[PDB]
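Here the structure comes first, spelled out in structure tokens, and everything after it is commentary.
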Amino acid sequence: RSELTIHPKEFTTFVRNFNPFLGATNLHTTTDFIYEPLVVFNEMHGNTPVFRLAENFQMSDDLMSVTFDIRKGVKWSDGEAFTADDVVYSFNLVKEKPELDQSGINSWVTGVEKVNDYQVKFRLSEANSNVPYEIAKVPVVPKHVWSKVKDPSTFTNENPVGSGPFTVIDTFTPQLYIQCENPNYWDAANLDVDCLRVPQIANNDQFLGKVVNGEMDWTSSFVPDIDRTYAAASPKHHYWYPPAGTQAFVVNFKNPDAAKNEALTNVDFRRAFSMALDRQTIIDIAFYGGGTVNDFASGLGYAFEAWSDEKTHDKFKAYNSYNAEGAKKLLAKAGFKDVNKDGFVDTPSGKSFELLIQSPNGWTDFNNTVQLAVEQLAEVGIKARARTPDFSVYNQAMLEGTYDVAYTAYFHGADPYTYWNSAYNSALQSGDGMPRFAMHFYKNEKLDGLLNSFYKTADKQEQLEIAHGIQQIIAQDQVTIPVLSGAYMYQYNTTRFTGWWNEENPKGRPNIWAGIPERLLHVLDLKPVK
Ligand SMILES: CC(=O)N[C@@H]1[C@@H](O)[C@H](O[C@@H]2O[C@H](CO)[C@@H](O)[C@H](O)[C@H]2NC(C)=O)[C@@H](CO)O[C@H]1O
Ligand SMILES: [Ca+2]
Ligand SMILES: [Mg+2]
């Protein structure tokens, strides 16, 4: 039988949790593989909808509602019928327990109402032509099971009944689990892989010893010096790194320390921090060349230059280029002056400070980026120190607002809104299920206003106008310190499977991570070799 070895997420121990709503604590093979989406939007190919459990959808002229047609004939793994009842339940379950809202769907969807057993109506809070894409982010679970659960917020869901390709838990240990074919998969005819095989891997250099040895099939991890280390080991060791999203230093505007708050909330300081960075050095050393300098103050990218008001970009490009002497003289003009003879600048109010910059434990490319930056900042007089907390701790720090500076990447969408909304909408700053991305706690009502209006109408210019509005607010306020535009790291082995997505066959985002819904479409193209 065919076993496909994947690695979507680092773990030190496998805890049996297949609750699709508990993304900070669950296993990362639950979404897509156990709970198939209504639609998969192909973000690499202009958000083209690929219909799965939903047949079709249509907005109204109002842009105030949308109806999804559920596909008939679909079965859960326990034989029960997949219906609009299940879709309508799940959107209620998120609606009444918003700690399960991980994308901010509650903000968009006023309520979920059902026409027939295969038609669901969504009533909107605001005009949004992109709301089918938001809707698809939400997990759909069997109401036939989840209804008499007393607390879905803490349900570990260890014995899952799903709609997706791999719902059977064949094996489970703390260091390995095997996830096998749903006996009743609606698309079973299209599926040629038997099982997902998921080994426990704690960090990048434990990973490195496995993948160089050919033990993996499908991965998306950072691999140091990949050409001499991984490529050279076998002719069947392959990779393809299509361009991905923004990576940036995020500063905490609500830091509880008087001294650090004084520095981090100062735009001259954020700018001097940014000019101290050598972006192109970080790319070549920390990532071995795998990226592109991002000198947009707005974080826009390079990939979305068509979207760019290049009058906004030019006015602040200097504050996002390597200029160590510029950094020093900006610190001096601002009044960040070393008054205690340590060589490190102090706040205007006279207090000494050091910036603690965090990146997740085991994310060695990020870890090296931060330590590089620590050195770069020391040269211009800013004292910082690198920290590498466990991802859960790194994550909690940001949601709670206890961190100083954090290095993070963002997801890369079909347009600039996936980055800008996730990184800057202040609505996404409260809520226990919220991701870390907007957690700098900078708030600007007018920024949120443009963001939510990005899809209020259907003409290209007005949208593009609204983009230039957003780019302008962000860049002049230097809210974050953008560094580079990264790569969708992706490695695949043709030893045991064929049909892989690659540069010759670029069917979509190729990664195995949770939050890349195209990974369902990807596994459906895979079949064994001999
Ligand atoms: C947008 C986002 O937050 N993506 C996360 C990924 O970065 C992350 O993958 C990890 O990325 C690190 C930084 O480049 C790598 O060093 C690390 O090897 C890699 N880990 C894996 C398992 O691929 C994944 C998984 O942690 O989470 C994404 O949400
Ligand atoms: Ca197929
Ligand atoms: Mg000093």
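In the structure tokens, each chain is lettered A, B, ... as it comes, each chain's residues begin at 1, and ligands are numbered from 1 in order of appearance.
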Mind the document's chain letters and residue numbers, and return as a count of residues only the residues of stretch 229-389 of chain A that DSSP labels strand (DSSP E). 22
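A distance search around ligand 1 (7 Å at most, only C-alpha atoms and all ligand atoms) returns the following protein and nucleic acid residues: residues 7, 8, 9, 10, 203, 204, 219, 220, 221, 222, 362, 363, 364, 365, 366, 408, 409, 410, 411, 513, 514 and 515 of chain A.
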Given 7 Å and only C-alpha atoms and all ligand atoms, residues near ligand 2 as a PyMOL selection string: chain A and resi 190-192+524-526
Selection export as a PDB file, in the first residue's frame, atoms kept: N, CA, C and O atoms:
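What landed in out.pdb:
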```pdb
ATOM      1  N   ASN A 190     -10.546   9.682  -8.024  1.00  0.00           N
ATOM      2  CA  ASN A 190      -9.471  10.636  -8.333  1.00  0.00           C
ATOM      3  C   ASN A 190      -8.228  10.453  -7.444  1.00  0.00           C
ATOM      4  O   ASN A 190      -7.153  10.971  -7.753  1.00  0.00           O
ATOM      5  N   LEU A 191      -8.386   9.703  -6.358  1.00  0.00           N
ATOM      6  CA  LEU A 191      -7.353   9.561  -5.316  1.00  0.00           C
ATOM      7  C   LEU A 191      -6.556   8.259  -5.500  1.00  0.00           C
ATOM      8  O   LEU A 191      -7.134   7.177  -5.530  1.00  0.00           O
ATOM      9  N   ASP A 192      -5.235   8.372  -5.604  1.00  0.00           N
ATOM     10  CA  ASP A 192      -4.358   7.215  -5.790  1.00  0.00           C
ATOM     11  C   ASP A 192      -3.350   6.999  -4.635  1.00  0.00           C
ATOM     12  O   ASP A 192      -2.583   6.028  -4.632  1.00  0.00           O
ATOM     13  N   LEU A 524      -4.295  14.915  -4.798  1.00  0.00           N
ATOM     14  CA  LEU A 524      -5.147  14.197  -5.744  1.00  0.00           C
ATOM     15  C   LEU A 524      -4.470  13.974  -7.103  1.00  0.00           C
ATOM     16  O   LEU A 524      -4.939  13.181  -7.926  1.00  0.00           O
ATOM     17  N   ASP A 525      -3.369  14.669  -7.355  1.00  0.00           N
ATOM     18  CA  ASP A 525      -2.619  14.426  -8.576  1.00  0.00           C
ATOM     19  C   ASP A 525      -1.535  13.378  -8.345  1.00  0.00           C
ATOM     20  O   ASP A 525      -0.939  12.890  -9.310  1.00  0.00           O
ATOM     21  N   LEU A 526      -1.257  13.033  -7.086  1.00  0.00           N
ATOM     22  CA  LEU A 526      -0.178  12.085  -6.800  1.00  0.00           C
ATOM     23  C   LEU A 526      -0.623  10.620  -6.946  1.00  0.00           C
ATOM     24  O   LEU A 526      -1.738  10.246  -6.558  1.00  0.00           O
TER      25      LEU A 526
END
```
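Residues surrounding residue A:349 within 9 Å are residues 259, 262, 336 and 346 of chain A [only C-alpha atoms; sequence separation below 3 positions excluded].
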Generate a file of the selected residues that holds N, CA, C and O atoms, formatted as an mmCIF file, in the first residue's frame.
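Below is the file that was written, again24.cif:
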```
data_model
loop_
_atom_site.group_PDB
_atom_site.id
_atom_site.type_symbol
_atom_site.label_atom_id
_atom_site.label_comp_id
_atom_site.auth_asym_id
_atom_site.auth_seq_id
_atom_site.Cartn_x
_atom_site.Cartn_y
_atom_site.Cartn_z
ATOM 1 N N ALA A 259 10.495 52.451 28.726
ATOM 2 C CA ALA A 259 11.616 52.723 27.816
ATOM 3 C C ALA A 259 11.417 52.170 26.404
ATOM 4 O O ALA A 259 11.567 52.913 25.435
ATOM 5 N N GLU A 262 8.681 53.871 24.388
ATOM 6 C CA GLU A 262 9.166 55.153 23.923
ATOM 7 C C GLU A 262 9.914 55.057 22.589
ATOM 8 O O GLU A 262 9.781 55.922 21.723
ATOM 9 N N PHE A 336 17.694 60.228 20.038
ATOM 10 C CA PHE A 336 18.095 58.983 20.679
ATOM 11 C C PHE A 336 19.616 59.017 20.876
ATOM 12 O O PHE A 336 20.394 58.654 19.993
ATOM 13 N N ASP A 346 20.145 55.855 23.793
ATOM 14 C CA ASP A 346 19.161 55.807 24.866
ATOM 15 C C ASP A 346 17.920 56.578 24.429
ATOM 16 O O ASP A 346 17.972 57.254 23.405
#
```
Could you list, as a PyMOL selection string, all protein and nucleic acid residues with an atom at most 9 Å from ligand 3, counting only C-alpha atoms and all ligand atoms? chain A and resi 337-347+350-353+381-383
Contacts of stretch 26-43 of chain A at 6 Å (only C-alpha atoms; same-chain gap of 3+ positions) as a ChimeraX atom specification: /A:17-18,20,22-23,46-54,136,162-167,413-414,514,520
Selection above as a file: N, CA and C atoms, as an mmCIF file, in the first residue's frame:
```cif
data_model
loop_
_atom_site.group_PDB
_atom_site.id
_atom_site.type_symbol
_atom_site.label_atom_id
_atom_site.label_comp_id
_atom_site.auth_asym_id
_atom_site.auth_seq_id
_atom_site.Cartn_x
_atom_site.Cartn_y
_atom_site.Cartn_z
ATOM 1 N N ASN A 17 -5.072 15.342 18.447
ATOM 2 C CA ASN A 17 -6.071 16.397 18.362
ATOM 3 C C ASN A 17 -6.378 16.738 16.907
ATOM 4 N N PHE A 18 -7.558 16.325 16.447
ATOM 5 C CA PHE A 18 -8.020 16.602 15.086
ATOM 6 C C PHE A 18 -9.225 17.531 15.039
ATOM 7 N N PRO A 20 -10.546 20.819 13.857
ATOM 8 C CA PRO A 20 -10.161 21.762 12.798
ATOM 9 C C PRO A 20 -10.248 23.224 13.231
ATOM 10 N N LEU A 22 -9.177 24.302 16.302
ATOM 11 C CA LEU A 22 -8.159 24.614 17.324
ATOM 12 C C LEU A 22 -6.753 24.633 16.732
ATOM 13 N N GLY A 23 -6.498 25.608 15.867
ATOM 14 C CA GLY A 23 -5.322 25.594 15.011
ATOM 15 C C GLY A 23 -4.009 25.818 15.732
ATOM 16 N N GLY A 46 -4.834 33.282 -9.933
ATOM 17 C CA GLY A 46 -5.819 34.348 -9.887
ATOM 18 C C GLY A 46 -7.094 33.998 -9.153
ATOM 19 N N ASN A 47 -6.944 33.336 -8.004
ATOM 20 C CA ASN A 47 -8.068 32.886 -7.175
ATOM 21 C C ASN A 47 -9.188 32.191 -7.922
ATOM 22 N N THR A 48 -8.835 31.440 -8.960
ATOM 23 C CA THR A 48 -9.798 30.576 -9.653
ATOM 24 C C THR A 48 -10.394 29.568 -8.681
ATOM 25 N N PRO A 49 -11.734 29.544 -8.571
ATOM 26 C CA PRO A 49 -12.415 28.581 -7.703
ATOM 27 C C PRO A 49 -12.411 27.169 -8.265
ATOM 28 N N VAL A 50 -11.984 26.227 -7.433
ATOM 29 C CA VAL A 50 -12.092 24.807 -7.751
ATOM 30 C C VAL A 50 -13.144 24.200 -6.830
ATOM 31 N N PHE A 51 -14.300 23.847 -7.379
ATOM 32 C CA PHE A 51 -15.411 23.454 -6.526
ATOM 33 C C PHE A 51 -15.239 22.049 -5.969
ATOM 34 N N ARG A 52 -15.516 21.880 -4.684
ATOM 35 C CA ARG A 52 -15.290 20.576 -4.076
ATOM 36 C C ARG A 52 -16.605 20.067 -3.500
ATOM 37 N N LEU A 53 -16.873 20.419 -2.244
ATOM 38 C CA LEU A 53 -18.113 20.044 -1.561
ATOM 39 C C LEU A 53 -19.255 20.983 -1.916
ATOM 40 N N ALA A 54 -18.911 22.182 -2.375
ATOM 41 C CA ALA A 54 -19.893 23.075 -2.968
ATOM 42 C C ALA A 54 -19.843 22.957 -4.492
ATOM 43 N N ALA A 136 -14.894 30.017 2.450
ATOM 44 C CA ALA A 136 -14.225 28.742 2.252
ATOM 45 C C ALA A 136 -13.165 28.433 3.315
ATOM 46 N N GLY A 162 -14.834 12.646 8.947
ATOM 47 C CA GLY A 162 -14.652 13.731 8.010
ATOM 48 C C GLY A 162 -15.167 13.470 6.614
ATOM 49 N N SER A 163 -14.981 14.473 5.770
ATOM 50 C CA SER A 163 -15.482 14.477 4.419
ATOM 51 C C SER A 163 -14.352 14.306 3.417
ATOM 52 N N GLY A 164 -13.122 14.400 3.909
ATOM 53 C CA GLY A 164 -11.951 14.445 3.054
ATOM 54 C C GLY A 164 -11.297 13.116 2.751
ATOM 55 N N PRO A 165 -10.207 13.171 1.988
ATOM 56 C CA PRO A 165 -9.574 11.957 1.453
ATOM 57 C C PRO A 165 -9.035 10.972 2.502
ATOM 58 N N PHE A 166 -8.547 11.492 3.629
ATOM 59 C CA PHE A 166 -7.856 10.670 4.610
ATOM 60 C C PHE A 166 -8.405 10.863 6.008
ATOM 61 N N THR A 167 -9.397 10.057 6.362
ATOM 62 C CA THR A 167 -10.058 10.225 7.650
ATOM 63 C C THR A 167 -9.788 9.079 8.622
ATOM 64 N N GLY A 413 -1.180 36.143 -1.130
ATOM 65 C CA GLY A 413 -2.421 35.957 -1.871
ATOM 66 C C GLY A 413 -2.339 36.305 -3.345
ATOM 67 N N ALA A 414 -3.488 36.216 -4.008
ATOM 68 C CA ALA A 414 -3.594 36.521 -5.427
ATOM 69 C C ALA A 414 -3.517 38.029 -5.682
ATOM 70 N N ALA A 514 -0.484 23.399 6.758
ATOM 71 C CA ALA A 514 -1.849 23.848 7.064
ATOM 72 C C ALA A 514 -2.054 25.328 6.636
ATOM 73 N N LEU A 520 -4.844 19.862 -0.884
ATOM 74 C CA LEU A 520 -5.806 18.801 -1.202
ATOM 75 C C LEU A 520 -5.785 18.471 -2.702
#
```
Which residue of A:5, A:19, A:200, A:56 approaches residue A:175 most closely, using only C-alpha atoms: A:200
What's around stretch 430-432 of chain A at 8 Å? Count only C-alpha atoms, leave out sequence neighbours fewer than 2 positions away in its own chain, and write the answer as a PDB file with N, CA and C atoms, in the first residue's frame.
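Saved the output as selection06.pdb:
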```
ATOM      1  N   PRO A  98     -16.744  32.355  19.315  1.00  0.00           N
ATOM      2  CA  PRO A  98     -15.830  33.110  18.448  1.00  0.00           C
ATOM      3  C   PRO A  98     -14.345  32.867  18.730  1.00  0.00           C
ATOM      4  N   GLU A  99     -14.035  32.123  19.791  1.00  0.00           N
ATOM      5  CA  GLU A  99     -12.660  31.703  20.036  1.00  0.00           C
ATOM      6  C   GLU A  99     -12.263  30.656  19.003  1.00  0.00           C
ATOM      7  N   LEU A 100     -13.241  30.222  18.206  1.00  0.00           N
ATOM      8  CA  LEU A 100     -13.013  29.261  17.127  1.00  0.00           C
ATOM      9  C   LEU A 100     -12.918  29.959  15.769  1.00  0.00           C
ATOM     10  N   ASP A 101     -13.127  31.273  15.759  1.00  0.00           N
ATOM     11  CA  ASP A 101     -12.971  32.089  14.558  1.00  0.00           C
ATOM     12  C   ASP A 101     -11.495  32.422  14.370  1.00  0.00           C
ATOM     13  N   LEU A 399      -0.058  37.673  20.703  1.00  0.00           N
ATOM     14  CA  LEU A 399      -1.486  37.832  20.999  1.00  0.00           C
ATOM     15  C   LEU A 399      -1.725  38.584  22.315  1.00  0.00           C
ATOM     16  N   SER A 426      -7.146  46.061  12.180  1.00  0.00           N
ATOM     17  CA  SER A 426      -7.136  46.077  13.637  1.00  0.00           C
ATOM     18  C   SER A 426      -8.244  45.192  14.204  1.00  0.00           C
ATOM     19  N   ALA A 427      -9.163  44.756  13.353  1.00  0.00           N
ATOM     20  CA  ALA A 427     -10.203  43.829  13.797  1.00  0.00           C
ATOM     21  C   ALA A 427      -9.599  42.475  14.185  1.00  0.00           C
ATOM     22  N   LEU A 428      -8.453  42.168  13.592  1.00  0.00           N
ATOM     23  CA  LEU A 428      -7.825  40.868  13.752  1.00  0.00           C
ATOM     24  C   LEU A 428      -6.830  40.878  14.906  1.00  0.00           C
ATOM     25  N   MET A 434      -7.420  34.195  16.948  1.00  0.00           N
ATOM     26  CA  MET A 434      -6.711  35.004  15.960  1.00  0.00           C
ATOM     27  C   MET A 434      -5.237  34.629  15.784  1.00  0.00           C
TER      28      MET A 434
END
```
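When atom CA of residue A:424 is paired with atom CA of residue A:277, their separation reads 22.2 Å.
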Tell me which protein, DNA and RNA residues are within 12 Å of residue A:497, counting only C-alpha atoms, leaving out same-chain ones fewer than 5 positions away, and put them as a PyMOL selection string. chain A and resi 2-5+192-194+216-218+236-237+492+523-530
Interatomic distance between atom CA of residue A:181 and atom CA of residue A:21? 21.8 Å
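Atom to atom, atom CA of residue A:113 and atom CA of residue A:140 stand 15.0 Å apart.
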Using only C-alpha atoms, which residues sit within 12 Å of residue A:504 once same-chain residues fewer than 3 positions away are excluded, as a ChimeraX atom specification? /A:239-240,242,499-501,507-508
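Ranking A:422, A:13, A:274, A:461 by their shortest atom-to-atom distance to residue A:172, with only C-alpha atoms included, puts A:13 first.
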As a ChimeraX atom specification, please: every residue in stretch 134-352 of chain A that a backbone DSSP assignment puts in helix (DSSP H, G or I). /A:134-136,143-146,188-190,204-211,226-231,258-264,267-276,279-286,305-307,310-320,324-334
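Candidate residues A:134, A:503, A:61, A:78 were compared for distance to residue A:161, and the nearest is A:78, using only C-alpha atoms.
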